[PDB]
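Input: a single structure, listed below in structure tokens.
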Amino acid sequence: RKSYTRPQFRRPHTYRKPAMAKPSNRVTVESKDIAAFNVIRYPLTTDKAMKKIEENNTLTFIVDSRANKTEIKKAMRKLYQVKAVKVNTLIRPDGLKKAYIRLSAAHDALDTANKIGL
Amino acid sequence: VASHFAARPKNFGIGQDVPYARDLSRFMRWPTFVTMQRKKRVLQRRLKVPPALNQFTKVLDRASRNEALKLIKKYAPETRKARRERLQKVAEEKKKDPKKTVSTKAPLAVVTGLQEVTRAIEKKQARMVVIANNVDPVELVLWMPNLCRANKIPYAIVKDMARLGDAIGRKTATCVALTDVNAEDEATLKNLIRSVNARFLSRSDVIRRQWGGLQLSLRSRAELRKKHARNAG
Amino acid sequence: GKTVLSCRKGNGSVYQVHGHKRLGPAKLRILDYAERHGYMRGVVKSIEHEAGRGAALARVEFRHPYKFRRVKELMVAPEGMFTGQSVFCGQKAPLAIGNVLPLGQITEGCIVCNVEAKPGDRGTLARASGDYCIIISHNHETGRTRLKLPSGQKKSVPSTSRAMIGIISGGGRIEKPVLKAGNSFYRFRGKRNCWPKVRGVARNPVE
RNA sequence: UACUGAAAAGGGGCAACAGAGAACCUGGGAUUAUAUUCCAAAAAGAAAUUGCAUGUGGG
RNA sequence: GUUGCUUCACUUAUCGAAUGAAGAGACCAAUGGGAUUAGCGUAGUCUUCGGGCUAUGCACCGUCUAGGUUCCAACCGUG
RNA sequence: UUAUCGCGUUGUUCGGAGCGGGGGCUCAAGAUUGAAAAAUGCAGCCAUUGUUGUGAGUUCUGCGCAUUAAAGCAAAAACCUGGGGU
Ligand SMILES: [Mg+2]
Ligand SMILES: [Mg+2]
Ligand SMILES: [Mg+2]
Ligand SMILES: [Mg+2]
Ligand SMILES: [Mg+2]
Ligand SMILES: [Mg+2]
Ligand SMILES: [Mg+2]
Ligand SMILES: [Mg+2]
Ligand SMILES: [Mg+2]
């Protein structure tokens, strides 16, 4: 405000007060213990799926089509006490998302399938 | 054994060392409102100004200005708290005495506000009137010296509506009128009236005819002087 | 009727300049304090050709007057300019081919190019290849210089206008016959959509 | 410890599945139909590359 | 005393150009300003008696310089 | 230390502004060792086999950046090195 050393005037720097966090506008009760049930829908029992259970230690599921691989892994850990080493996904021509899930060979996919009921 | 401290000056001539950062204020691009508020003053200086508007650039001196502002300050109007306290005391007096007058006149003070000051001038109650010289729009007070001259009321034009507002306790005042003072300030008011009359009322013939403006810039004046000197002979 | 072709060309449309391969506009440097009071020294860095233009262009490097950096200028080169040459621009500059001087310092009878009609417009007259202006006379009472233009007209300009000494390079370009329609095709490919030309009597009354 | 406040002229964005850019290769007895995408600890195997943390040497 | 036409010298409306609005003009002084930078004389003239207006002087705003010459100083010169 | 003279291409050229010879320094493209890798693949049938040379054609690449030309052959992100001071 005394001696300017540029050929054009630019806006001076003033004090800015940060905004406040308002009370939330969404007050619907959402349980945090049921999301895995939305993520993992049900298994598949086709011939290819059956062939993968025994020889590749792999299970096949229909999942929510907006889910990603990391959350599918976490949902597997929550719903069944198993550890997935690999998740592969595809979106079918009828619109549903399918997941091929390989277990860590310290668990038996056949025994997990028996417990699931398929 | 030998200090290695030395002078290592720089050359700032054309085509030499990179210069220090100079001050560019007089040659920079400013904001539009800055540029316009300077050019407005220049244009008001260069044009021919009629007397009715020119009279507002001829103000009262410094000493009389300060004295008059001091008098107005000592006769300033009462504030919100003071009015409330006085009215509450009047109310308790009336409560204890359902009879008897109450005398709710308020202490003597100056008259403030354009409507009330105009009324005091027109009814010839004002002993002296003070007018600010920078009211915008100027038509609000442009006629007041003529009214005061017509009614033979002493008046002055002073430098700031902000200073008048400070004297009376507000942000701004366009004009102020003194109608009466205490017995101790009579001499002050009389001397102030004499000086004010000397400057304004007693020079009405000049004030009504004198024009203003027509002021060249310094660069134009210097050019004219140098040309006159050059063409001598 | 229907719109005539000469009027249609004013809409812009498919008749604008083919500019994608061009370098920038060619100008002298800005008339600043150093040029008004002293002089500046630059170095010629390269000589190049641009599509659509017969004359050669020169990239010239100067030092920035206020900051620590280098400034590159692009000018229309006079005949004889070479890479590595030193160029002087300003009030006190010697009479040599390629230097830039105020018109009031150039002796009568001298040949100039890149002349600005008004001071500080950075060069507008005598720019096409092989062209130049001649300085006729000065007038100190009114500070004005008289020039003979390439067209043969005379013009008076303020004596504070600048000009480069010499002649635009690339002269003699129009003296070689073209001989082929394809050569004209390649010549106008770098300029704009104006060739071939159909005679008006070969058209129909509607247009 | 967030906060706070010196420098840096020329607001924000879109437009190329043939331009620029781009860290992975072969073998398979591995399908009815997909694969440089699948194969399980002898990963049939051999690599390259990004982020963040351990420790070993040096600053 | 007004009005029209018209010459010339000006600059603040307006118009053209340049630039990242990047160094304008003075200080070298008036046919210049001032009571908040009009302070003081001289003559006439006016006054609401407090002081004005006109004319002409004196103050003040008033200042620094590379170089070229002849320790200072001065004359040139003009950033 | 060369000179009318020497060096070189199929080809339109190079040299006291440093030719040629003797010794070196670098860059590009190949080659040759190994590791990977026989544990693989192929073909006859718990065993056998297991390939090395010459022509021709192919645009990667190199011939570094002289095709007509009044035609002279995009840009930026991202990245690399230096000059300065830290
Ligand atoms: Mg996929
Ligand atoms: Mg265009
Ligand atoms: Mg016809
Ligand atoms: Mg017709
Ligand atoms: Mg895009
Ligand atoms: Mg591409
Ligand atoms: Mg990719
Ligand atoms: Mg197929
Ligand atoms: Mg080729």
Side-chain angles (χ1 to χ4, degrees), chain A residues 5-10 13-16 18 47-48 51-52 55-58 85-86 88 90 100 102 104-105, chain B residues 13 19 22-24 26-30 35 39 42-48 58-66 149 152 154 159 191 193-207 209-210 213-229, chain C residues 20-21 30-34 36-37 48-54 65-66 68 116-122 129 170 172-178 180 182-191:
Chain A
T5 61
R6 275 145 150 283
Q8 59 276 300
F9 181 96
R10 309 273 318 238
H13 172 110
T14 60
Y15 163 86
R16 284 184 172 171
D47 273 23
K48 179 165 183 173
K51 281 186 57 72
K52 293 205 190 276
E55 93 196 356
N56 296 138
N57 215 37
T58 302
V85 281
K86 201 183 179 187
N88 280 13
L90 66 99
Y100 297 113
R102 196 188 177 111
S104 80
Chain B
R22 283 188 190 86
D23 189 346
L24 299 191
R26 212 198 156 293
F27 320 108
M28 70 189 317
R29 202 194 155 108
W30 287 98
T35 283
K39 282 183 163 185
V42 166
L43 207 40
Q44 285 168 346
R45 276 180 180 264
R46 304 270 178 274
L47 298 182
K48 184 101 152 306
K58 302 293 191 292
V59 312
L60 196 69
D61 94 287
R62 229 206 299 112
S64 296
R65 199 273 317 266
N66 295 353
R149 168 183 311 130
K152 326 194 146 187
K159 189 135 269 208
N191 316 337
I193 273 176
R194 263 171 31 241
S195 320
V196 141
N197 274 336
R199 177 66 172 166
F200 289 96
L201 249 202
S202 82
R203 306 193 321 122
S204 303
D205 65 332
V206 180
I207 288 172
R209 58 171 225 249
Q210 197 163 66
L214 303 193
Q215 257 176 112
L216 303 180
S217 62
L218 293 157
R219 80 181 83 79
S220 281
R221 192 69 63 175
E223 222 193 343
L224 189 67
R225 152 173 62 87
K226 286 205 162 188
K227 165 187 182 180
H228 280 345
Chain C
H20 181 239
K21 286 322 206 50
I30 302 162
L31 183 47
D32 60 350
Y33 186 88
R36 297 198 293 269
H37 293 260
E48 301 140 311
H49 147 93
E50 92 161 7
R53 182 195 301 263
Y66 308 111
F68 177 67
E116 28 187 55
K118 49 234 292 171
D121 81 35
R122 301 174 78 172
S129 76
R173 191 181 91 255
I174 52 142
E175 74 206 341
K176 187 183 173 190
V178 175
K180 292 206 296 160
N183 286 346
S184 287
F185 172 90
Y186 287 115
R187 172 190 168 199
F188 292 109
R189 175 180 77 175
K191 293 165 171 291

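Residue numbering restarts at 1 for every chain, and letters A, B, ... go by the order of the sequence lines. Heavy atoms only: backbone and side chains are in, while hydrogens, waters and symmetry mates are out.
- An aromatic stacking contact between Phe27(B) and the base of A22(E) is absent, as defined here by ring centres under 5.5 Å apart and ring planes under 30° from parallel.
- Entry note: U37(D) and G12(D) fail the pairing test, Watson-Crick or G-U wobble at under 3.5 angstrom for both distances.
- In this structure, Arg6(A) reaches the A9(D) phosphate: one of its side-chain N or O atoms is under 4.0 Å from OP1 or OP2.
- The shortest distance between side-chain heavy atoms of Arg45(B) and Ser217(B) does not fall below 4.5 Å.
- Two residues are said to be in side-chain contact when any heavy atoms from C-beta on lie closer than 4.5 Å; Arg149(B) and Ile207(B) meet this criterion.
- In this structure, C8(E) forms no base pair with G50(E) under the Watson-Crick or G-U wobble definition at 3.5 Å.
- Taking atom P on both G21(F) and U9(F), the two are 13 Å apart, rounded to the nearest angstrom.
- Base pair annotation for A38(E) with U6(E): unpaired, by the Watson-Crick or G-U wobble rule (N1-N3 plus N6-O4 or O6-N4, or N1-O2 plus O6-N3, under 3.5 Å).
- On the basis of its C1'-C2'-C3'-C4' angle being positive, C42(F) carries a north sugar.
- If you check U11(E), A69(F), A24(E) against the side chain of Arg36(C), the one that comes closest is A24(E).
- Nucleotides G45(D) and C25(D) qualify as a pair under the Watson-Crick or G-U wobble definition, both contacts being shorter than 3.5 Å.
- The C1'-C2'-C3'-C4' torsion of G13(D) is positive. Its sugar is therefore classed as north.
- With a 5.5 Å centre cut-off and a 30° plane cut-off, the bases of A28(F) and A29(F) come out stacked.
- Comparing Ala105(A) and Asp47(A) along RNA chain D, the residue whose closest nucleotide (by nearest heavy atom) sits nearer the 5' end is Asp47(A).
- Nucleotides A35(F) and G45(D) are separated by 15 Å at their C1' atoms, to the nearest Å.
- Two residues, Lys21(C) and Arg173(C), neighbour RNA chain F, and the one matched to the more 5' nucleotide by heavy-atom proximity is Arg173(C).
- For the neighbouring bases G53(F) and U54(F), a stacking contact is recorded, both ring-centre distance under 5.5 Å and ring-plane angle under 30° holding.
- Using atom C1' as the reference point in both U56(E) and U45(E), the two lie 15 Å apart (nearest Å).
- Geometry at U50(D) and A15(D) does not meet the Watson-Crick or G-U wobble definition with both required distances under 3.5 Å.
- Checked by atom type, the side-chain pair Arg194(B)/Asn191(B) shows a donor-acceptor distance below 3.5 Å.
- Judged by ring centres closer than 5.5 Å and planes tilted by less than 30°, the bases of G64(F) and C65(F) are stacked on each other.
- Of the candidates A9(E), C39(D), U12(E), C39(D) carries the atom nearest the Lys86(A) side chain, counting heavy atoms from C-beta on.
- The neighbouring residues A18(D) and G19(D) do not form a stacked base step, as their six-membered rings are not both less than 5.5 angstrom apart at the centres and less than 30 degrees apart in plane orientation.
- In this structure, CZ on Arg6(A) lies 10.5 Å from CG on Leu24(B), to the nearest 0.5 angstrom.
- Judged by atom type and distance alone, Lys48(A) reaches the base of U34(D) through a side-chain donor-acceptor pair under 3.5 Å.
- Residue note: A55(E) shows a north-type sugar, the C1'-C2'-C3'-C4' torsion being above zero.
- With rounding to whole Å, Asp121(C) atom CG is found 11 Å from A17(E) atom P.
- The neighbouring residues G10(D) and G11(D) do not form a stacked base step, as their six-membered rings are not both less than 5.5 angstrom apart at the centres and less than 30 degrees apart in plane orientation.
- RNA chain F is contacted by both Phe68(C) and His20(C); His20(C) maps to the nucleotide lying nearer its 5′ end (nearest heavy atom per residue).
- Residue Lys118(C) has no polar side-chain atom (N or O) positioned under 4.0 Å from OP1 or OP2 of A17(E).
- Checking the phosphate oxygens (OP1, OP2) of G50(E), no side-chain nitrogen or oxygen of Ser195(B) falls inside 4.0 Å.
- Nucleotide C17(D) shows a negative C1'-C2'-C3'-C4' value and thus a south, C2'-endo-like sugar.
- Annotation: side chain of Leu224(B) is in contact with side chain of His228(B) (closest heavy-atom distance under 4.5 Å).
- Distances from the side chain of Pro7(A) to the nucleotides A22(E), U48(E), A35(E) place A22(E) closest.
- The shortest distance between the side-chain N/O atoms of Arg122(C) and the OP1/OP2 oxygens of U19(E) is below 4.0 Å.
- North is the pucker assigned to the sugar of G55(F), its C1'-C2'-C3'-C4' torsion being positive.
- When every heavy atom of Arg199(B) is checked against every heavy atom of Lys58(B), the shortest pair comes out as NH2-CB, 3.8 Å.
- Aromatic stacking is marked for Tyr66(C) over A22(E), as both cut-offs hold: 5.5 Å for the centres and 30° for the planes.
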